[PDB]
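A.B. asks: One structure, as structure tokens, below. Some questions next.
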Amino acid sequence: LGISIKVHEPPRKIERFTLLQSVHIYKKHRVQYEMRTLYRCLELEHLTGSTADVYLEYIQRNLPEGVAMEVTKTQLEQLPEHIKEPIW
Amino acid sequence: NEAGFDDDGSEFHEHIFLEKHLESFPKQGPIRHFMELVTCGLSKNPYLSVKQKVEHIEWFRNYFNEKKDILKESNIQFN
Amino acid sequence: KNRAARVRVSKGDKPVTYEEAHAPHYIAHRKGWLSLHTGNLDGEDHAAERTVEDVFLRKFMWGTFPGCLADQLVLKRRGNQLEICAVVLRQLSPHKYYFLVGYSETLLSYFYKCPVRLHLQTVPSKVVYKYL
Amino acid sequence: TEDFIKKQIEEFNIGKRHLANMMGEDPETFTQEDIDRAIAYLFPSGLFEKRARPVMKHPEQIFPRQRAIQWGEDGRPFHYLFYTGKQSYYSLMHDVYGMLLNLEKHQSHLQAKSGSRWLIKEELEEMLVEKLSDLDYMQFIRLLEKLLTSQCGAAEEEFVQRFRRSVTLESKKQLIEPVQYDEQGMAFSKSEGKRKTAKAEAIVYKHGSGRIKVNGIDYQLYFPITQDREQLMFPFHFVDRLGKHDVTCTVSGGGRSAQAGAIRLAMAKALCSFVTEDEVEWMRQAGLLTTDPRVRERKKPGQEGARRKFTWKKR
Amino acid sequence: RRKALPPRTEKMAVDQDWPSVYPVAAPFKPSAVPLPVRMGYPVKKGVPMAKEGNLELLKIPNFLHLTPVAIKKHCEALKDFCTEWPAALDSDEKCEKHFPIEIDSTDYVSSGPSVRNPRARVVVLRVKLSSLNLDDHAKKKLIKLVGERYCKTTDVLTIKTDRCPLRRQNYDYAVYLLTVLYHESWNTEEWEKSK
Amino acid sequence: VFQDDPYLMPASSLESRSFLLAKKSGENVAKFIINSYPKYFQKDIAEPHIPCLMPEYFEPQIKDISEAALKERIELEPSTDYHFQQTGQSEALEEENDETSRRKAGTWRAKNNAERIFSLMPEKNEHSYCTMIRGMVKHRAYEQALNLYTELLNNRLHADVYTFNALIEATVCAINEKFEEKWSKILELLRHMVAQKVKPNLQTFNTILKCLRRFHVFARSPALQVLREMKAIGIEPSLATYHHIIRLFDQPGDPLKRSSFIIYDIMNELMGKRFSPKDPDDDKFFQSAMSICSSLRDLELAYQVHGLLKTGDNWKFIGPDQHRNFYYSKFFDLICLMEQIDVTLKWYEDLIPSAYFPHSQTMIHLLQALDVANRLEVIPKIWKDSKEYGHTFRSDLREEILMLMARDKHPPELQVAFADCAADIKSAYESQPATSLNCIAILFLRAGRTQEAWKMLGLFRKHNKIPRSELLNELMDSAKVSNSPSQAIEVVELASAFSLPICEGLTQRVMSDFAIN
Amino acid sequence: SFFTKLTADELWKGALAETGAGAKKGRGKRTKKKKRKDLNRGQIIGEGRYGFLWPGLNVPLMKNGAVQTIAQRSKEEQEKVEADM
Amino acid sequence: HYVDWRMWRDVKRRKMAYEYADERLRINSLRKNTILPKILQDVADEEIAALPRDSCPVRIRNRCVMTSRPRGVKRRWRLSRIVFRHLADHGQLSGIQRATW
Amino acid sequence: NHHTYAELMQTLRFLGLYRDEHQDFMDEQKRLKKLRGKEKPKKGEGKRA
DNA sequence: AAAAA
RNA sequence: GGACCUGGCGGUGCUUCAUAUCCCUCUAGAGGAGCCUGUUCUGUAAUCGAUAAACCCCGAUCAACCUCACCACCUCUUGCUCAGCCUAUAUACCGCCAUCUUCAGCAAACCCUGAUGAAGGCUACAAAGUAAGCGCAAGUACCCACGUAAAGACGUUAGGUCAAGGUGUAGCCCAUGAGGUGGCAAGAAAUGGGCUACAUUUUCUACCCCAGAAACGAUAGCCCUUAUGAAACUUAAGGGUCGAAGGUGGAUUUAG
Ligand SMILES: [Mg+2]
Ligand SMILES: [Mg+2]
Ligand SMILES: [Mg+2]
Ligand SMILES: [Mg+2]
Ligand SMILES: [Mg+2]
Ligand SMILES: [Mg+2]
């Protein structure tokens with residue numbers, strides 16, 4: 001389409017906790033569990049509003065059920081109405 | 001994240017500027033200090049709506065106006 | 001002697017499948033999970049309600065169909081989707097099967113407030129992998 | 001059973017055809033590597049076991065090799081050595097014994113008229129699709145070794161090489177760091193290194209004096225302990241390059257000893273660019289050009305610490 | 001009672017479109033897929049499961065709906081709802097010199113019918129103060145009134161605003177705060193002489 | 001609409017209808033069990049709040065009110081209770097959500113209630129007269145409709161088009177040789193509409209055209225005139241009038257098809273491009289046009305129907321199930337009897353494999369088209385589909401499929417025909433039969449197998465009927481050309497015991513085969 | 001305390017107690033024995049104790065080319081089927 | 001049909017604390033205040049003590065929604081320690097795998 | 001609100017829409033105990049009987 | 001201490 | 001009573017091994033001091049189970065109030081779920097497990113030898129074992145091919161848990177069930193584990209170890225304050241003066 005992005009991988013975070021195994025005096029035998037949660041974020045650059053909306057629509061229409069989505073858009077803005085030489 | 005819950009279509013002046021809801025209170029004193037404190041508390045609260053803030057303000061006003069003997073005996077006047 | 005959800009071996013007349021003939025220490029190796037959603041990851045809310053809904057759906061599907069489930073249930077939570085991936089034996093009439101499918105779809109869509117579409121997989125007999 | 005094999009073969013063929021048709025390619029230029037790549041792409045399996053992967057290669061590789069029937073309709077076995085149980089192994093033994101006798105006869109006639117490893121039991125039973133034991137394997141290996149001692153021609157050479165594999169590479173020589181020039185930079189090279197969570201990067205400079213710059217400042221202010229100074233002087237003393245190099249390093253993360261070891265390893269790896277290979281081999285055989293895998297092992301539950309357990313009372 | 005029907009494996013052809021068979025992300029139905037793919041851990045002397053009744057092929061999401069030609073057609077059919085990027089905003093320098101105000105957004109996702117997210121209310125306003133009309137006393141007073149919400153290296157004003165459930169209200173509040181900051185910088189009070 | 005698993009695929013129209021009815025019954029019982037316990041489906045957890053996730057209420061919400069309580073009891077044993085409450089609390093029943101509800105639920109009771117409301121309350125007269133006419137149109141009443149029309153005309157108000165349409169329908173329903181009466185009624189209606197300053201609607205014109213077509217056999221001119229007048233009013237005409245005109249012209253147009261072509265052109269001009277929703281039977285005209293094109297072997301009308309079916313807007317393509325199946329069968333027969341074999345195969349792949357199974361005439365036509373173009377290989381699946389969709393013509397279909405191979409000789413690569421004949425014979429034997437057995441024996445003898453032919457002959461010889469003359473001669477020749485006249489002797493005995501015509505000749509042939517061979 | 005109703009086989013195994021330590025040492029007598037019978041056998045899909053006619057389960061669906069109205073059984077037929085059970 | 005009483009008492013207390021929340025919030029706000037005379041704080045304490053029990057977030061006991069266990073209950077999925085491992089070994093919690101390091 | 005789920009399961013078991021094997025086993029055990037000769041007494045009879 | 005048209 | 005087979009045992013014999021095991025031996029700990037938390041006991045109306053290798057900051061990752069399955073006082077009988085018991089039984093179970101077990105056999109179906117007895121079937125320069133599955137290996141993950149983690153059966157302990165959660169038997173359902181207030185959590189004496197110290201290898205000013213100085217530390221007890229709670233009686237911390245006993249522990253033990 002004409003976006004030109006890159007590829008990178010943030011560090012992963014794995015959570016591990018220790019719980020009991022039985023219901024009575026059985027503390028010397030513990031069973032632990034993990035929580036693998038990787039991270040794969042892109043970097044969309046040089047995109048307008050309609051193109052970004054179309055890309056988000058295409059991403060959401062084929063988004064699997066095993067992953068997530070964190071949209072962080074940074075819009076542009078010239079100058080507000082009161083920033084030049086305003087006196088209240 | 002704004003489809004449905006739009007805070008009844010309000011702006012920022014109704015959430016930040018809450019001075020237009022304090023009329024039956026003085027200007028310099030501990031009562032005004034407590035009112036400013038509760039106003040600052042309700043201002044930085046993105047969990048409640050402005051209607052609930054006004055309800056709490058009027059309830060506190062009625063509670064302070066009900067027990068007037070203690071405020072009169074506290075060596076100060078209540079407006 | 002630590003025994004989990006595995007099947008105890010006795011002689012040679014227990015037709016077990018691939019789900020019942022595996023230990024929980026091989027889930028992320030030679031098995032997998034039945035359901036899949038984003039509630040379990042770190043940093044996300046709404047998980048206890050999802051687990052309660054899942055266990056209630058499993059109990060309902062096991063109680064409504066007497067022995068028609070050859071294995072378990074494979075649920076997929078995709079935003080506002082609840083896809084059921086179950087198997088039904090080839091022992092009854094297809095008309096009753098479609099009737100039950102429609103009834104379950106309507107009940108789930110009207111109870112969980114979510115569009116639900118069922119996808120069945122007809123199996124001629126009980127699923128079996130080994131004679132453990 | 002053979003009909004099922006043919007059905008699997010034709011199913012694999014039609015699947016390859018349909019895959020080459022849907023991938024926009026050609027059915028003739030769609031090799032097995034492309035098949036494996038398309039299977040791995042279209043089926044994103046999320047498991048750790050390699051045997052639990054979508055495998056759809058050749059049908060004869062997945063399905064076990066069915067042993068053909070050695071007797072026809074009349075009931076007579078095909079091979080002469082069948083009433084035993086181990087037909088292929090004993091046939092090979094008889095053939096190799098006949099070859100040994102022929103070699104002995106040829107050697108007697110000549111006297112009168114005057115890198116790679118062998119096979120294993122697993123490979124043997126996978127090649128001859130016949131289960132055996134260990135004593136027969138040892139007997140066969142000893143017979144082959146006795147055959148290798150005596151003389152043999154090219155025919156016997158290729159005969160004994162047919163049952164011979166090949167060892168892997170054994171060249172463990174070090175790598176010479178290339179001399180990099182960046183805006184007039186003679187005698188310039190970089191390297192890395194890690195020891196017990198400590199990333200360090202050393203920059204070797206030959207046209208200097210005799211000091212090390214650590215994060216801009218010298219190494220005395222950052223390493224007040226004599227142990228770090230000794231660990232930094234050990235490589236310079238082992239190469240006889242004390243007051244001749246003004247190297248610089250940049251380490252981040254870890255304690256004093258960890259960062260010192262990381263800087264030492266980085267400098268040892270960087271000094272392999274302005275010296276011959278004999279000296280770096282001498283360094284490697286003396287404990288220098290090698291990594292330290294002494295990482296703190298995880299703690300075990302139900303104990304006091306890693307290997308220390310609770311006071312287990314007996315009475 | 002009992003019957004039998006042939007599957008779609010021997011019923012379809014070869015020169016047939018693929019996205020027309022599996023449009024939406026179907027949970028892989030062993031019927032219209034003529035690919036006898038086997039996945040699972042086999043035994044020492046045996047054959048693992050094929051495609052029918054395979055729990056591994058049912059749990060793992062299949063990616064057969066994203067056909068390359070289908071992806072190309074979908075990307076080409078969406079060209080009508082696109083806007084070309086202007087050539088005057090290609091380099092980052094011109095973008096910073098023209099539009100030096102950046103407004104971030106926080107949009108996450110939740111599993112289930114729940115749409116509200118308590119972490120989707122923060123909108124940090126990043127405005128570079130290297131392009132505004134700031135003199136000496138005004139800039140010093142602005143820095144003093146800000147405190148630690150201003151970077152001394154990149155010179156980017158970072159102010160965290162989150163005092164309402166919505167986002168446009170927080171944006172307007174941040175704009176009003178910046179306006180009051182710019183107004184007070186040009187004013188001198190009675191206690192400013194005793195600095 | 002159904003599933004995709006192979007075991008639950010719809011093989012015919014009966015399975016599809018059964019699955020659809022089961023789904024509808026499941027939805028109905030689900031809605032019923034939800035309305036029975038409304039206190040178990042109210043705790044919402046969603047956020048956008050779907051409006052289709054709340055059950056409807058049928059109990060009243062007002063007790064001390066009058067008109068509001070009556071409206072809540074009527075709209076939201078209910079109509080009678082609402083009427084009793086309105087009569088007790090003195091509530092004037094309006095013309096909306098009252099008379100129409102009483103006419104739809106309960107038709108002497110609705111007429112009595114309307115008369116009581118008109119005698120006890122005198123509000124709007126035009127709407128009341130229109131409601132009375134609409135209620136009497138379904139109860140056969142001409143005097144009441146005339147009185148309502150007179151009251152609406154004398155009430156100094158604009159007469160509704162619904163009452164006029166109902167009166168015209170009631171007047172032209174039981175018409176006995178009425179030619180100029182319909183024209184006079186149309187002229188009177190046009191004069192009344194011009195005097196009252198109102199234009200005619202499309203529904204009234206469609207109803208008038210249907211009533212005119214449902215009387216005489218050659219009354220397509222009034223329907224065409226009504227359709228033209230409805231189309232010239234400003235909007236598109238209704239498809240019901242065009243369908244009625246086509247049905248009336250197809251009955252009397254047995255010699256010429258000019259009227260049918262004109263009706264098809266009018267239907268295409270009124271509704272051919274965008275499927276505009278403005279009639280009650282939009283697919284009937286398309287089905288009639290497709291049937292006319294299949295009967296007259298037309299290539300333009302069929303193409304127009306295929307283009308206006310589901311190529312742009314699937315609305316007038318299929319109104320139900322039987323009509324859709326008939327249209328598909330007609331299209332398949334036309335494609336098989338018009339072009340060669342490619343178009344027939346395309347139609348069979350896009351209709352017989354996408355909708356449902358075939359019937360009897362369409363299956364016979366497809367078999368004839370396949371036999372005329374050498375395509376005898378997939379006859380077993382067609383026979384199985386015909387037997388599943390119909391247990392009456394299955395034997396006829398099997399006989400027609402086996403006759404294509406029971407008369408030819410033995411070739412080299414003609415095993416598909418023999419396999420199809422064997423499958424048809426097995427399906428006919430395992431169903432619930434002298435001609436079928438004879439045809440199966442002839443096919444087995446003409447195939448090439450000896451054991452199969454002998455088994456077929458032995459099975460057909462016990463059906464109280466021997467084989468034909470050619471089959472007996474072939475069996476005698478095969479027995480004499482094999483050093484075994486046992487088969488010839490058995491055939492002669494079966495022909496002499498079953499009292500057949502071949503007796504002396506069969507005996508002479510058996511004697512010759514026993515003496516020489 | 002609600003989500004605890006497991007499968008029927010689990011309840012039968014817990015009630016019969018045939019996988020205990022008393023069956024391998026002769027601790028119990030052969031007379032004391034609890035048999036097992038099939039409970040889910042003569043119950044059609046959609047069999048209730050009130051009497052609701054199901055067109056897609058109980059009564060046939062297509063009745064001579066028509067659809068049967070969803071009705072409800074009375075009390076005499078309910079008593080009849082209870083006596084039959 | 002339920003069989004336990006402590007779970008029912010706990011859910012009743014949770015409901016009563018959810019209903020009685022604004023008054024308790026106002027009383028707690030009037031409490032922690034260095035300003036304002038002590039008489040108002042005393043009468044607020046008397047009013048909050050005169051209220052009936054079984055209506056306070058202090059009595060909230062984090063139990064399980066399947067077993068109603070008092071102690072040893074996770075606050076994430078709102079369940080005990082045995083049901084968690086049970087449904088993890090069965091295979092309902094995606095991602096929650098046995099720790100193998 | 002577990003009471004709503006319990007009532008829903010009960011009304012689905014009563015109408016035959018849910019086959020609860022546990023409650024059926026409980027009812028069978030209660031019937032066997034009542035047939036054995038040890039049933040539940042009436043309302044206001046037992047200790048003073 | 002024998003086997004739900 | 002005579003004879004044969006298996007298991008356990010022999011302070012029963014020969015040979016080879018134990019890599020933290022036995023010392024000749026190395027390091028760190030309990031048993032000697034104080035506190036806290038478990039057993040039992042003391043008067044009381046004040047809970048239950050565990051109570052030898054395989055159990056003790058045990059069920060509990062919380063006994064101030066619900067969390068008290070304990071008691072006393074005031075009441076109720078659709079008594080609150082078309083029911084139920086937090087009454088008694090693991091010597092009725094499912095389910096979650098423990099040392100043996102830091103391993104190498106358990107082992108469906110046949111053949112041979114004990115004249116066809118309980119039983120046994122080993123010898124590769126070979127005198128009767130091939131054999132479905134289970135167990136190790138084979139495998140996943142961390143820094144691989146080391147190592148670690150994770151797995152590790154048939155059975156023993158009528159082993160722990162009917163008080164993870166459901167269920168079997170006896171009794172009640174005008175009660176052992178339920179609604180409100182208070183108390184049982186204080187020490188005559190026996191006891192496991194954890195924490196704090198036993199000097200010049202200690203501590204203070206600052207400093208993350210180039211200085212200067214003092215020939216080591218607080219349990220508990222008194223008062224006040226801070227954050228939360230409806231109430232501070234012990235739970236968290238800090239401030240103010242005072243502050244036990246201890247200049248390295250004997251029979252008896254653990255880990256590396
Ligand atoms: Mg274990
Ligand atoms: Mg009690
Ligand atoms: Mg016991
Ligand atoms: Mg292990
Ligand atoms: Mg292993
Ligand atoms: Mg015990």
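Chain labels run A, B, ... following the order of the structure tokens; each chain numbers its residues from 1, and ligands are numbered from 1 in the order shown.
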List all protein, DNA and RNA residues that have at least one atom no more than 10 Å from any atom of ligand 1, counting only C-alpha atoms (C1' of nucleotides) and all ligand atoms, and write them as a list in words.
C.D. replies: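 The distance check yields residues 21, 29 and 30 of chain A; 1, 2 and 3 of chain C; 97, 98, 151 and 152 of chain K.
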A.B. asks: Take the residues from that selection and write them out as a PDB file, in the first residue's frame, keeping C-alpha atoms (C1' of nucleotides).
C.D. replies:
```pdb
ATOM      1  CA  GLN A  21      -0.061 -29.060  45.652  1.00  0.00           C
ATOM      2  CA  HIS A  29       6.000 -30.359  47.350  1.00  0.00           C
ATOM      3  CA  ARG A  30       5.005 -27.200  45.471  1.00  0.00           C
TER       4      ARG A  30
ATOM      5  CA  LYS C   1       2.137 -41.125  43.274  1.00  0.00           C
ATOM      6  CA  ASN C   2       0.939 -37.867  41.696  1.00  0.00           C
ATOM      7  CA  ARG C   3      -1.988 -38.533  39.346  1.00  0.00           C
TER       8      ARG C   3
ATOM      9  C1'   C K  97      -0.772 -36.219  47.494  1.00  0.00           C
ATOM     10  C1'   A K  98       3.198 -38.203  50.738  1.00  0.00           C
ATOM     11  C1'   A K 151       8.150 -36.322  34.588  1.00  0.00           C
ATOM     12  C1'   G K 152       8.838 -41.097  37.680  1.00  0.00           C
TER      13        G K 152
END
```
A.B. asks: Please extract the residues at most 8 Å from ligand 2, counting only C-alpha atoms (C1' of nucleotides) and all ligand atoms, and provide them as a PDB file with N, CA, C and O atoms (P, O5', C5', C4', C3', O3' and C1' of nucleotides), in the first residue's frame, using the chain letters and residue numbers of this document.
C.D. replies:
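Contents of selection29.pdb, as written:
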```pdb
ATOM      1  P     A K  69     -18.597 -20.871  64.439  1.00  0.00           P
ATOM      2  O5'   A K  69     -18.130 -22.393  64.491  1.00  0.00           O
ATOM      3  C5'   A K  69     -19.065 -23.425  64.756  1.00  0.00           C
ATOM      4  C4'   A K  69     -18.870 -24.608  63.841  1.00  0.00           C
ATOM      5  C3'   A K  69     -18.097 -25.783  64.415  1.00  0.00           C
ATOM      6  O3'   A K  69     -18.886 -26.594  65.271  1.00  0.00           O
ATOM      7  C1'   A K  69     -17.369 -25.337  62.201  1.00  0.00           C
ATOM      8  P     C K  86     -22.858 -28.801  57.204  1.00  0.00           P
ATOM      9  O5'   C K  86     -21.518 -29.279  57.920  1.00  0.00           O
ATOM     10  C5'   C K  86     -21.554 -30.039  59.123  1.00  0.00           C
ATOM     11  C4'   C K  86     -21.046 -29.235  60.293  1.00  0.00           C
ATOM     12  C3'   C K  86     -22.075 -28.304  60.928  1.00  0.00           C
ATOM     13  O3'   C K  86     -21.786 -28.165  62.320  1.00  0.00           O
ATOM     14  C1'   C K  86     -20.298 -27.021  60.042  1.00  0.00           C
ATOM     15  P     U K 176     -31.353 -29.641  68.918  1.00  0.00           P
ATOM     16  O5'   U K 176     -30.291 -29.289  67.782  1.00  0.00           O
ATOM     17  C5'   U K 176     -29.182 -28.437  68.048  1.00  0.00           C
ATOM     18  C4'   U K 176     -28.005 -28.754  67.156  1.00  0.00           C
ATOM     19  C3'   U K 176     -28.282 -28.686  65.654  1.00  0.00           C
ATOM     20  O3'   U K 176     -27.111 -28.234  64.972  1.00  0.00           O
ATOM     21  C1'   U K 176     -27.583 -30.871  66.231  1.00  0.00           C
ATOM     22  P     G K 177     -26.947 -26.683  64.582  1.00  0.00           P
ATOM     23  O5'   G K 177     -26.980 -26.671  62.988  1.00  0.00           O
ATOM     24  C5'   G K 177     -27.900 -27.478  62.266  1.00  0.00           C
ATOM     25  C4'   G K 177     -28.857 -26.639  61.456  1.00  0.00           C
ATOM     26  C3'   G K 177     -28.810 -25.139  61.714  1.00  0.00           C
ATOM     27  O3'   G K 177     -27.775 -24.488  60.998  1.00  0.00           O
ATOM     28  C1'   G K 177     -31.050 -25.868  61.789  1.00  0.00           C
TER      29        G K 177
END
```
A.B. asks: If we count only C-alpha atoms, which residues of chain H reach to within 12 Å of chain E? Please list them as a PyMOL selection string.
C.D. replies: chain H and resi 91-92+94
A.B. asks: I need the residues of chain B that end up classed as alpha helix (DSSP H) by DSSP on the backbone, written out as a PyMOL selection string.
C.D. replies: chain B and resi 30-43+50-66+68-73
A.B. asks: Write out, as a PDB file, in the first residue's frame, the residues just selected, with C-alpha atoms.
C.D. replies:
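Result written to out.pdb:
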```pdb
ATOM      1  CA  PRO B  30     -12.385  26.533  57.716  1.00  0.00           C
ATOM      2  CA  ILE B  31     -15.751  25.810  56.076  1.00  0.00           C
ATOM      3  CA  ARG B  32     -14.537  27.374  52.829  1.00  0.00           C
ATOM      4  CA  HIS B  33     -11.307  25.381  53.180  1.00  0.00           C
ATOM      5  CA  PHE B  34     -13.256  22.123  53.488  1.00  0.00           C
ATOM      6  CA  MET B  35     -15.443  23.101  50.527  1.00  0.00           C
ATOM      7  CA  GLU B  36     -12.377  23.821  48.384  1.00  0.00           C
ATOM      8  CA  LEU B  37     -10.887  20.495  49.494  1.00  0.00           C
ATOM      9  CA  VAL B  38     -13.971  18.489  48.530  1.00  0.00           C
ATOM     10  CA  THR B  39     -14.204  20.443  45.260  1.00  0.00           C
ATOM     11  CA  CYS B  40     -10.596  19.575  44.400  1.00  0.00           C
ATOM     12  CA  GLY B  41     -11.339  15.967  45.333  1.00  0.00           C
ATOM     13  CA  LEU B  42     -14.398  15.785  43.080  1.00  0.00           C
ATOM     14  CA  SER B  43     -12.516  17.541  40.261  1.00  0.00           C
ATOM     15  CA  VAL B  50     -21.023  15.926  37.466  1.00  0.00           C
ATOM     16  CA  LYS B  51     -24.567  15.195  38.670  1.00  0.00           C
ATOM     17  CA  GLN B  52     -23.248  13.032  41.513  1.00  0.00           C
ATOM     18  CA  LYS B  53     -20.745  15.770  42.387  1.00  0.00           C
ATOM     19  CA  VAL B  54     -23.559  18.333  42.612  1.00  0.00           C
ATOM     20  CA  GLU B  55     -25.590  15.885  44.710  1.00  0.00           C
ATOM     21  CA  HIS B  56     -22.687  15.410  47.131  1.00  0.00           C
ATOM     22  CA  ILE B  57     -22.133  19.179  47.303  1.00  0.00           C
ATOM     23  CA  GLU B  58     -25.783  19.905  48.089  1.00  0.00           C
ATOM     24  CA  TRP B  59     -25.901  17.065  50.629  1.00  0.00           C
ATOM     25  CA  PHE B  60     -22.861  18.472  52.439  1.00  0.00           C
ATOM     26  CA  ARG B  61     -24.456  21.929  52.285  1.00  0.00           C
ATOM     27  CA  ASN B  62     -27.680  20.631  53.844  1.00  0.00           C
ATOM     28  CA  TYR B  63     -25.714  18.731  56.499  1.00  0.00           C
ATOM     29  CA  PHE B  64     -23.731  21.840  57.448  1.00  0.00           C
ATOM     30  CA  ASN B  65     -26.889  23.979  57.494  1.00  0.00           C
ATOM     31  CA  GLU B  66     -28.775  21.463  59.660  1.00  0.00           C
ATOM     32  CA  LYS B  68     -25.946  25.092  63.062  1.00  0.00           C
ATOM     33  CA  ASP B  69     -25.587  25.160  66.863  1.00  0.00           C
ATOM     34  CA  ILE B  70     -22.102  23.627  66.740  1.00  0.00           C
ATOM     35  CA  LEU B  71     -21.015  26.043  64.004  1.00  0.00           C
ATOM     36  CA  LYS B  72     -22.299  28.976  66.069  1.00  0.00           C
ATOM     37  CA  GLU B  73     -20.597  27.726  69.246  1.00  0.00           C
TER      38      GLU B  73
END
```
A.B. asks: Dump as a count of residues only the residues of chain B that approach chain E to within 7 Å, counting only C-alpha atoms.
C.D. replies: 8
A.B. asks: Go through the chains and note each residue within 10 Å of ligand 5, using only C-alpha atoms (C1' of nucleotides) and all ligand atoms, then give the set as a VMD selection string.
C.D. replies: chain K and resid 136 to 140 150 to 152
A.B. asks: Using only C-alpha atoms (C1' of nucleotides) and all ligand atoms, which protein or nucleic acid residues are at most 10 Å from ligand 6, as a list in words?
C.D. replies: residues 49, 50, 51, 90, 159, 160 and 161 of chain K
A.B. asks: Check every protein, DNA and RNA residue against ligand 3, keep those with an atom at most 8 Å away (counting only C-alpha atoms (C1' of nucleotides) and all ligand atoms), and present them as an NGL selection string.
C.D. replies: :K and (89-91 or 158)
A.B. asks: Please produce an output containing N, CA, C and O atoms (P, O5', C5', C4', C3', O3' and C1' of nucleotides) for each residue in the selection, written as a PDB file, in the first residue's frame.
C.D. replies:
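Final output, saved to again.pdb:
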```
ATOM      1  P     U K  89     -16.068 -39.210  64.396  1.00  0.00           P
ATOM      2  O5'   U K  89     -16.432 -40.514  63.556  1.00  0.00           O
ATOM      3  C5'   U K  89     -15.565 -40.990  62.537  1.00  0.00           C
ATOM      4  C4'   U K  89     -16.184 -42.132  61.770  1.00  0.00           C
ATOM      5  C3'   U K  89     -15.448 -42.560  60.510  1.00  0.00           C
ATOM      6  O3'   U K  89     -14.351 -43.419  60.771  1.00  0.00           O
ATOM      7  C1'   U K  89     -17.744 -42.316  60.026  1.00  0.00           C
ATOM      8  P     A K  90     -12.866 -42.999  60.321  1.00  0.00           P
ATOM      9  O5'   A K  90     -12.773 -43.462  58.799  1.00  0.00           O
ATOM     10  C5'   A K  90     -12.819 -42.512  57.738  1.00  0.00           C
ATOM     11  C4'   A K  90     -12.164 -43.041  56.485  1.00  0.00           C
ATOM     12  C3'   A K  90     -10.660 -43.281  56.588  1.00  0.00           C
ATOM     13  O3'   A K  90     -10.301 -44.400  55.779  1.00  0.00           O
ATOM     14  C1'   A K  90     -11.089 -41.698  54.888  1.00  0.00           C
ATOM     15  P     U K  91      -9.328 -45.537  56.363  1.00  0.00           P
ATOM     16  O5'   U K  91     -10.322 -46.688  56.838  1.00  0.00           O
ATOM     17  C5'   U K  91     -11.120 -47.399  55.898  1.00  0.00           C
ATOM     18  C4'   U K  91     -12.394 -47.921  56.516  1.00  0.00           C
ATOM     19  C3'   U K  91     -13.199 -46.908  57.333  1.00  0.00           C
ATOM     20  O3'   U K  91     -14.593 -47.149  57.144  1.00  0.00           O
ATOM     21  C1'   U K  91     -12.657 -48.766  58.687  1.00  0.00           C
ATOM     22  P     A K 158      -2.010 -49.293  58.295  1.00  0.00           P
ATOM     23  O5'   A K 158      -2.791 -49.210  56.910  1.00  0.00           O
ATOM     24  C5'   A K 158      -3.963 -49.988  56.686  1.00  0.00           C
ATOM     25  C4'   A K 158      -5.097 -49.148  56.154  1.00  0.00           C
ATOM     26  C3'   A K 158      -5.593 -48.056  57.099  1.00  0.00           C
ATOM     27  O3'   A K 158      -6.051 -46.941  56.337  1.00  0.00           O
ATOM     28  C1'   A K 158      -7.356 -49.557  56.640  1.00  0.00           C
TER      29        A K 158
END
```
